[PDB]
Number of protein chains: 2
Amino acid sequence: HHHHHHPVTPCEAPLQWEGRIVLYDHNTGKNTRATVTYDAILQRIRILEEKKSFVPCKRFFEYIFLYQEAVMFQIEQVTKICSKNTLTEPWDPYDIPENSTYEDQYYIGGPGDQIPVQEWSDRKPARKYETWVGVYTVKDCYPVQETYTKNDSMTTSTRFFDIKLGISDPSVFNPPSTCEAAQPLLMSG
Amino acid sequence: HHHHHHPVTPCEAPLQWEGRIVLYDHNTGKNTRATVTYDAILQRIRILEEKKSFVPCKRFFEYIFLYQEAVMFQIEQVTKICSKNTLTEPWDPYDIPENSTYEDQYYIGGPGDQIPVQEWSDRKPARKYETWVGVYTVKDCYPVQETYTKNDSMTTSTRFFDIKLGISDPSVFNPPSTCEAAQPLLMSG
Ligand SMILES: [Ca+2]
Ligand SMILES: [Ca+2]
């Protein structure tokens, strides 16, 4: 039997990638499926909601968050109606904060196809419940899952997949021409 | 470019295994870490809660659910005080119901260590929100994650890992001697 040190700090998540996610929102119970272009160097993130067959939702959005310019564009994918809004909130990366609490390492999957991952949190002894848990791969530190009990009880779980390093198509961060735009509230049905 | 049929039915999850889980309960915000012995053939499941350093919780339980006998034993791991209770609810396997809606297939992880998985749900067009989403491996159909918006807004996400087929230690389903026991309500702090 052998004794593995707990890691002194967490691995460093990739800075740029193209991937896909599911965002599960318990306040609404909604699962949102999106293609994501993520760039922590410029602190921008582009989210393209996906439509599946016969979902009861008519409206689907593209989001372009440009934190270095304190603006977010939201575009109805059909109408192409744009909303330009101010971003007050600071950038938040998909990574493990360097002061996170190490929780575990384990294998996801079966024999012959299993992947080692690590789990980290913001657990400390002064607080009964964590607000953040992250599951990242051991080998490349890619995000796998995060749950965020953030926002005073407004919680989400995000699952990450089909991630590919780098950004093959930068143009996605250019807002469309219809984005000579004002600050409308666009929400889904 | 190529066109993959959607699967006509889902893969068949393993019937017996030993593994570990994290159960994230939004009603409380709690993350419970447990070692699990799972047996769908006898419809029994043994859950052993894990204690981590300096969690503010004093009480940790072992559960032995024996659905074929409509009884569940709950044991305080320290005191060894047992509770024997009646099970009214039918067995529910960790599997994909054969009438589930196929949602997606994708790779978790990075280049050189990534695992293909499938996602299934209980989505139908008559209901805005799913009550159940399951993520299972393609290769062996091992559970990876489930979220359950079951119970009229009482929702959980479960993550599965370190799964090994078969049950190396059957004795765990034998209740301990202190289980000449009554029906106490034992809850955590
Ligand atoms: Ca973050
Ligand atoms: Ca089930």
Side-chain angles (χ1 to χ4, degrees), chain A residues 14 17 19-20 22 24 26-31 33 50 52-57 101 103-117 119 121 123-131 133 135 137-142 144-145 147 149 153 155 157 159-165 189, chain B residues 14 17 19-20 22 24 26-31 33 50 52-57 101 103-117 119 121 123-131 133 135 137-142 144-145 147 149 153 155 157 159-165 189:
Chain A
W17 50 257
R20 303 164 60 222
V22 183
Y24 169 45
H26 183 259
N27 189 53
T28 59
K30 181 183 180 28
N31 283 296
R33 298 177 188 279
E50 174 183 21
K52 313 284 278 168
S53 329
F54 312 112
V55 300
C57 317
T101 302
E103 298 286 3
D104 212 350
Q105 178 168 320
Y106 51 71
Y107 289 62
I108 290 169
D113 208 330
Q114 48 169 42
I115 173 183
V117 308
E119 185 159 326
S121 73
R123 179 165 61 87
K124 50 180 186 201
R127 303 196 44 256
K128 285 178 69 70
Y129 302 122
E130 288 68 272
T131 62
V133 180
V135 182
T137 66
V138 169
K139 328 63 84 300
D140 302 292
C141 202
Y142 276 27
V144 174
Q145 173 147 34
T147 62
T149 303
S153 166
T155 301
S157 293
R159 287 196 294 286
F160 306 79
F161 38 90
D162 286 346
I163 300 167
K164 297 224 153 43
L165 242 50
Chain B
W17 50 257
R20 303 164 60 222
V22 183
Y24 169 45
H26 183 259
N27 189 53
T28 59
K30 181 183 180 28
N31 283 296
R33 298 177 188 279
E50 174 183 21
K52 313 284 278 168
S53 329
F54 312 112
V55 300
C57 317
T101 302
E103 298 286 3
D104 212 350
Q105 178 168 320
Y106 51 71
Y107 289 62
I108 290 169
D113 208 330
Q114 48 169 42
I115 173 183
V117 308
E119 185 159 326
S121 73
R123 179 165 61 87
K124 50 180 186 201
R127 303 196 44 256
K128 285 177 69 70
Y129 302 122
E130 288 68 272
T131 62
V133 180
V135 182
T137 66
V138 169
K139 328 63 84 300
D140 302 292
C141 202
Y142 276 27
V144 174
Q145 173 147 34
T147 62
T149 303
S153 166
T155 301
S157 293
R159 287 196 294 286
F160 306 79
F161 38 90
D162 286 346
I163 300 167
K164 297 224 153 43
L165 242 50

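Chain letters run A, B, ... following the sequence lines, proteins first, then strands; residues in each count from 1. Only heavy atoms go into these numbers, but all of them, side chains included; no hydrogens, no water, no symmetry mates.
- Comparing A:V144, A:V135, A:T28 by how many heavy-atom pairs each has under 4.5 Å with chain B, the most go to A:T28.
- Only the side chain of B:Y24 comes within less than 4.5 Å of a heavy atom of chain A; its backbone N, CA, C and O stay farther away.
- Chosen from A:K52, A:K164, A:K30, A:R159, the residue pairing most often with chain B at heavy-atom distances under 4.5 Å is A:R159.
- In this structure, A:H26 and B:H26 have tilted ring planes: the angle between them lies in the 30° to 60° band.
- Contact tally against chain A (heavy-atom pairs below 4.5 Å) for B:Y106, B:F160, B:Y107, B:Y142: the top residue is B:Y106.
- Interface residue B:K128: backbone and side-chain heavy atoms are both found under 4.5 Å from chain A.
- Interface remark: A:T155 contributes backbone and side-chain atoms alike to the contact with chain B (heavy atom separation under 4.5 Å).
- Between chain A and the options B:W17, B:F54, B:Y129, the largest number of non-hydrogen pairs under 4.5 Å is found for B:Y129.
- With a 4.5 Å cut-off on non-hydrogen atoms, B:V133 touches chain A through its side chain but not through its backbone.
- Residue B:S121 does not touch chain A at all, counting heavy-atom pairs closer than 4.5 Å.
- Ranked by heavy-atom pairs under 4.5 Å with chain B, the list A:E130, A:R123, A:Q114, A:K124 is led by A:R123.
- Of the listed residues (B:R20, B:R127, B:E103), the one with the most heavy-atom contacts under 4.5 Å to chain A is B:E103.
- The choice from B:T137, B:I115, B:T149, B:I163 that makes the most heavy-atom pairs within less than 4.5 Å of chain A is B:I115.
- For chain A, no part of B:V138 is nearby; none of its heavy atoms comes within less than 4.5 Å.
- Interface remark: of the candidates B:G29, B:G110, B:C57, B:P125, B:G110 forms the most heavy-atom pairs closer than 4.5 Å to chain A.
- Smallest separation of non-hydrogen atoms from B:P116 and A:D113: CD-OD2, 3.5 Å.
- Using a 4.5 Å cut-off between heavy atoms, A:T131 does not touch chain B at all.
- Between chain A and the residues B:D104, B:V55, B:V117, B:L165, the largest count of heavy-atom pairs under 4.5 Å involves B:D104.
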